[PDB]
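Q: Pasting a structure here, questions to come.
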Amino acid sequence: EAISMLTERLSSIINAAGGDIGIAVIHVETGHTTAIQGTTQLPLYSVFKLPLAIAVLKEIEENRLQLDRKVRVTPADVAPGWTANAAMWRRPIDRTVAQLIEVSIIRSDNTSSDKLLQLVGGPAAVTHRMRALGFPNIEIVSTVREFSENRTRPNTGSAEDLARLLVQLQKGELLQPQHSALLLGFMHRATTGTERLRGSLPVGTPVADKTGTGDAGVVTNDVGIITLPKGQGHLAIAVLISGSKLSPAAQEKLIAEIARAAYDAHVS
Ligand SMILES: *C(=O)[C@@H](NC(=O)/C(=N\OC(C)(C)C(=O)O)c1csc(N)n1)[C@@H]1N=C(C(=O)O)C(=C)CS1
C-alpha cells in the first residue's frame, strides 16, 4: 500500500552504493516512520549546524542570550582552509546572534558556526542540550576548526534523531513560534542543496533543508522538511551518506531520488 513498501523502494535505490547510508522519513502529522540504518550514528559535517542553531535558540529561550546581541567577528576567527564564505570576514564586523544563525544555516558558514559554538559553551554543551530535548543520539565533540585539521573525531548523529528533531521543529513543539518561523525561514532560503532534497520534487514544492558535504565525496548529507501539497502534511527527512563509492553527483542524485520516493508514497 503506498507507504508500506517505501522501505523496499528505498533499499533498492541505495543498493550497491557502498559506504554507510542512514535514512529516516517521518510524516510529521501522523508520525509514520520509514528508516534504513536509522539508529546508526554517522558523520554530520555541516548538518550539525542545525542542532547548533537549536541550542543557540534554546539559550535565548532559557534567558541566557538575546537574538540582537552584537558579536564581533574578526579575521582571526576564520580558519586557514575556509575558502567558501571568507569574503564577509576580512575586516572586523559586528553581527547579531540572529545574523550569525542566518549565514551559518543559509551559506553553511564555518566561521559564524564556530562563533555560535563558543556562545553556547562548546561541543559538550550542544550535546547536553540535545539529550535534554530528547535526542541522545547526536554527539557533538569537535569545533569546525578542530575537525578541519584532522578528520578523526567527527560530530555524529543518527538519521532518526535528526528527523525527529525536524518533526518537533515543524510541529511547533521545539522552539517558540517566532524562533521556529525564523529558523525555518533560514532553512527555506538555504542555497547549498539545490541538487539534493529539492532535486527531483514536483515544481512548486516547499522545502526547508540543511546540507552536509565533505571534500571528494567522502560525505554527502541532507536533512529537511518537505511541504506536501493539498492538506497532506509535511515530511521530515534525513539522508546521511558516508564513504560512498559513487561520484559526488550520483550521491546527490541518491538524496534527490530518496526524497521523491518518500514524497510519492505519502501523497495521494
Ligand atoms: C559542511 O559540511 C561544510 N563543509 C566543509 O567545511 C568541508 N568541505 O567543504 C567543501 C566546500 C565541500 C570543500 O570542498 O572544501 C569539509 C570539512 S571537513 C571535510 N573533510 N570537508 C560546508 N559545506 C559547504 C557545502 O557546499 O555543503 C559550504 C558551502 C561551505 S563549508
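By convention here, the chains of the C-alpha cells are called A, B, ... in the order presented, each chain's residues are numbered starting at 1, and ligands are numbered starting at 1 in the order presented.
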Name each residue within 10 Å of ligand 1, counting only C-alpha atoms and all ligand atoms, as a ChimeraX atom specification.
A: /A:43-49,81-86,104-111,144-152,154,191-193,210-222
Q: If you count only C-alpha atoms, which residues fall within 10 Å of residue 227 of chain A, apart from same-chain ones fewer than 6 positions away, as a compact mmCIF listing (two decimals) with C-alpha atoms, in the first residue's frame?
A:
# COMPACT_ATOMS: atom_id res chain seq x y z
CA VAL A 28 5.04 14.95 10.69
CA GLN A 170 7.79 21.74 12.14
CA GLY A 204 6.21 24.24 -6.51
CA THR A 205 7.17 22.01 -3.56
CA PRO A 206 8.28 23.97 -0.46
CA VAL A 207 11.49 22.52 1.01
CA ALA A 208 13.47 23.60 4.09
CA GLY A 233 1.09 17.46 5.77
CA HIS A 234 4.88 17.54 5.95
CA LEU A 235 7.77 15.09 5.63
CA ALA A 236 10.80 15.24 7.91
CA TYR A 263 7.12 12.26 -1.42
Q: Just want the 8 Å neighbourhood of segment 60-69 of chain A, counted on only C-alpha atoms, with same-chain residues fewer than 6 positions away dropped. Output as a PDB file with N, CA, C and O atoms, in the first residue's frame.
A:
ATOM      1  N   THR A  96      24.657  40.429  14.809  1.00  0.00           N
ATOM      2  CA  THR A  96      23.785  39.939  15.858  1.00  0.00           C
ATOM      3  C   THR A  96      23.774  38.417  15.846  1.00  0.00           C
ATOM      4  O   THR A  96      24.161  37.772  14.865  1.00  0.00           O
ATOM      5  N   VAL A  97      23.327  37.838  16.961  1.00  0.00           N
ATOM      6  CA  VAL A  97      23.210  36.385  17.037  1.00  0.00           C
ATOM      7  C   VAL A  97      22.280  35.876  15.943  1.00  0.00           C
ATOM      8  O   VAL A  97      22.525  34.826  15.337  1.00  0.00           O
ATOM      9  N   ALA A  98      21.213  36.627  15.655  1.00  0.00           N
ATOM     10  CA  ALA A  98      20.300  36.238  14.586  1.00  0.00           C
ATOM     11  C   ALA A  98      21.009  36.210  13.237  1.00  0.00           C
ATOM     12  O   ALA A  98      20.820  35.276  12.449  1.00  0.00           O
ATOM     13  N   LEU A 175      10.646  24.969  19.593  1.00  0.00           N
ATOM     14  CA  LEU A 175      11.044  26.337  19.878  1.00  0.00           C
ATOM     15  C   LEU A 175       9.799  27.210  19.926  1.00  0.00           C
ATOM     16  O   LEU A 175       8.708  26.804  19.514  1.00  0.00           O
ATOM     17  N   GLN A 176       9.982  28.431  20.421  1.00  0.00           N
ATOM     18  CA  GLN A 176       8.906  29.406  20.396  1.00  0.00           C
ATOM     19  C   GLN A 176       8.456  29.651  18.956  1.00  0.00           C
ATOM     20  O   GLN A 176       9.240  29.489  18.017  1.00  0.00           O
TER      21      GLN A 176
END
Q: Nearest to residue 56 of chain A: which of A:138, A:2, A:117, A:25 is it, counting only C-alpha atoms?
A: A:117
Q: DSSP on the backbone, alpha helix (DSSP H) only: what residues of segment 16-65 of chain A does that give? Format it as number ranges by chain.
A: A: 49-61
Q: Please indicate the distance in Å from atom CA of residue 268 of chain A to atom CA of residue 232 of chain A, rounded to one decimal place.
A: 8.2 Å
Q: So which residues touch residue 244 of chain A within 6 Å, counting only C-alpha atoms, skipping near sequence neighbours fewer than 2 positions away, as a PyMOL selection string?
A: chain A and resi 17-19+242+246
Q: Just write the chosen residues, N, CA and C atoms, as a PDB file, in the first residue's frame.
A:
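Result written to out_26.pdb:
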ATOM      1  N   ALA A  17      25.390   1.165  -3.490  1.00  0.00           N
ATOM      2  CA  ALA A  17      26.029   2.462  -3.299  1.00  0.00           C
ATOM      3  C   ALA A  17      27.298   2.355  -2.461  1.00  0.00           C
ATOM      4  N   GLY A  18      27.447   1.281  -1.691  1.00  0.00           N
ATOM      5  CA  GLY A  18      28.554   1.141  -0.771  1.00  0.00           C
ATOM      6  C   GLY A  18      28.457   2.139   0.376  1.00  0.00           C
ATOM      7  N   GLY A  19      29.519   2.166   1.180  1.00  0.00           N
ATOM      8  CA  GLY A  19      29.586   3.092   2.292  1.00  0.00           C
ATOM      9  C   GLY A  19      28.539   2.798   3.358  1.00  0.00           C
ATOM     10  N   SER A 242      27.882   8.242   3.905  1.00  0.00           N
ATOM     11  CA  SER A 242      29.266   8.250   4.362  1.00  0.00           C
ATOM     12  C   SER A 242      30.082   7.242   3.566  1.00  0.00           C
ATOM     13  N   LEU A 246      30.127   6.021  -5.009  1.00  0.00           N
ATOM     14  CA  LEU A 246      29.592   6.808  -6.105  1.00  0.00           C
ATOM     15  C   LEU A 246      30.278   8.168  -6.191  1.00  0.00           C
TER      16      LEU A 246
END
Q: Write out as a PyMOL selection string the residues lying within 9 Å of residue 22 of chain A, counting only C-alpha atoms and excluding same-chain residues fewer than 3 positions away.
A: chain A and resi 35-42+158-160+238-242
Q: Let's have the selection written as a PDB file, in the first residue's frame, with N, CA and C atoms.
A:
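To be explicit, this is the file written out as out23.pdb:
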ATOM      1  N   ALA A  35      12.619   3.959   8.016  1.00  0.00           N
ATOM      2  CA  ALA A  35      14.022   4.129   8.357  1.00  0.00           C
ATOM      3  C   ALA A  35      14.860   2.977   7.826  1.00  0.00           C
ATOM      4  N   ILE A  36      16.067   3.310   7.373  1.00  0.00           N
ATOM      5  CA  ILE A  36      17.086   2.343   6.983  1.00  0.00           C
ATOM      6  C   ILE A  36      18.370   2.732   7.701  1.00  0.00           C
ATOM      7  N   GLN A  37      18.896   1.822   8.527  1.00  0.00           N
ATOM      8  CA  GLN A  37      20.047   2.118   9.381  1.00  0.00           C
ATOM      9  C   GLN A  37      19.818   3.420  10.146  1.00  0.00           C
ATOM     10  N   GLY A  38      18.584   3.592  10.634  1.00  0.00           N
ATOM     11  CA  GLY A  38      18.142   4.860  11.190  1.00  0.00           C
ATOM     12  C   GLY A  38      18.728   5.206  12.541  1.00  0.00           C
ATOM     13  N   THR A  39      19.273   4.223  13.257  1.00  0.00           N
ATOM     14  CA  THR A  39      19.835   4.462  14.580  1.00  0.00           C
ATOM     15  C   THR A  39      21.357   4.532  14.579  1.00  0.00           C
ATOM     16  N   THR A  40      22.000   4.252  13.448  1.00  0.00           N
ATOM     17  CA  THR A  40      23.451   4.305  13.360  1.00  0.00           C
ATOM     18  C   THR A  40      23.910   5.754  13.283  1.00  0.00           C
ATOM     19  N   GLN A  41      24.867   6.118  14.132  1.00  0.00           N
ATOM     20  CA  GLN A  41      25.372   7.484  14.148  1.00  0.00           C
ATOM     21  C   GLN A  41      26.459   7.648  13.093  1.00  0.00           C
ATOM     22  N   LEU A  42      26.289   8.637  12.231  1.00  0.00           N
ATOM     23  CA  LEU A  42      27.109   8.835  11.051  1.00  0.00           C
ATOM     24  C   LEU A  42      27.641  10.257  11.046  1.00  0.00           C
ATOM     25  N   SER A 158      22.322  10.218  14.391  1.00  0.00           N
ATOM     26  CA  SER A 158      21.524   9.245  13.667  1.00  0.00           C
ATOM     27  C   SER A 158      20.479   9.953  12.815  1.00  0.00           C
ATOM     28  N   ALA A 159      20.094   9.297  11.723  1.00  0.00           N
ATOM     29  CA  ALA A 159      19.107   9.872  10.818  1.00  0.00           C
ATOM     30  C   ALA A 159      17.748  10.024  11.498  1.00  0.00           C
ATOM     31  N   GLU A 160      17.391   9.078  12.373  1.00  0.00           N
ATOM     32  CA  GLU A 160      16.102   9.147  13.056  1.00  0.00           C
ATOM     33  C   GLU A 160      16.048  10.309  14.042  1.00  0.00           C
ATOM     34  N   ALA A 238      15.869  12.780   6.693  1.00  0.00           N
ATOM     35  CA  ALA A 238      17.304  12.879   6.893  1.00  0.00           C
ATOM     36  C   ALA A 238      17.983  11.778   6.094  1.00  0.00           C
ATOM     37  N   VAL A 239      18.957  12.159   5.266  1.00  0.00           N
ATOM     38  CA  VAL A 239      19.759  11.218   4.485  1.00  0.00           C
ATOM     39  C   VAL A 239      21.232  11.497   4.773  1.00  0.00           C
ATOM     40  N   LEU A 240      21.931  10.506   5.324  1.00  0.00           N
ATOM     41  CA  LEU A 240      23.343  10.633   5.672  1.00  0.00           C
ATOM     42  C   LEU A 240      24.129   9.595   4.878  1.00  0.00           C
ATOM     43  N   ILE A 241      24.992  10.053   3.972  1.00  0.00           N
ATOM     44  CA  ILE A 241      25.783   9.169   3.115  1.00  0.00           C
ATOM     45  C   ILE A 241      27.252   9.335   3.477  1.00  0.00           C
ATOM     46  N   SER A 242      27.882   8.242   3.905  1.00  0.00           N
ATOM     47  CA  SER A 242      29.266   8.250   4.362  1.00  0.00           C
ATOM     48  C   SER A 242      30.082   7.242   3.566  1.00  0.00           C
TER      49      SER A 242
END
Q: Could you tell me, as a PyMOL selection string, which residues of segment 87-232 of chain A DSSP assigns to strand (DSSP E or B) when given the backbone?
A: chain A and resi 93-96+138-139+156-158+207-213+219-227
Q: With distances taken over only C-alpha atoms, which residue among A:100, A:226, A:182, A:26 lies nearest residue 201 of chain A?
A: A:226
Q: For residue 199 of chain A, work out the shell of residues within 7 Å, counting only C-alpha atoms and skipping chain neighbours fewer than 4 positions away, then give it as an NGL selection string.
A: :A and (194-195 or 256)
Q: For the selection just defined, write its residues with C-alpha atoms to a file, as a JSON list (two decimals), in the first residue's frame.
A:
[["chain", "number", "residue", "atom", "x", "y", "z"],
["A", 194, "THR", "CA", 19.67, 22.65, -4.81],
["A", 195, "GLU", "CA", 20.61, 19.19, -6.15],
["A", 256, "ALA", "CA", 17.07, 13.61, -4.56]]
Q: Rank A:243, A:230, A:23, A:136 by their smallest atom-to-atom distance to residue 267 of chain A, using only C-alpha atoms, and report the top residue only.
A: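 Checking each candidate against residue 267 of chain A, we get A:230 as the closest.
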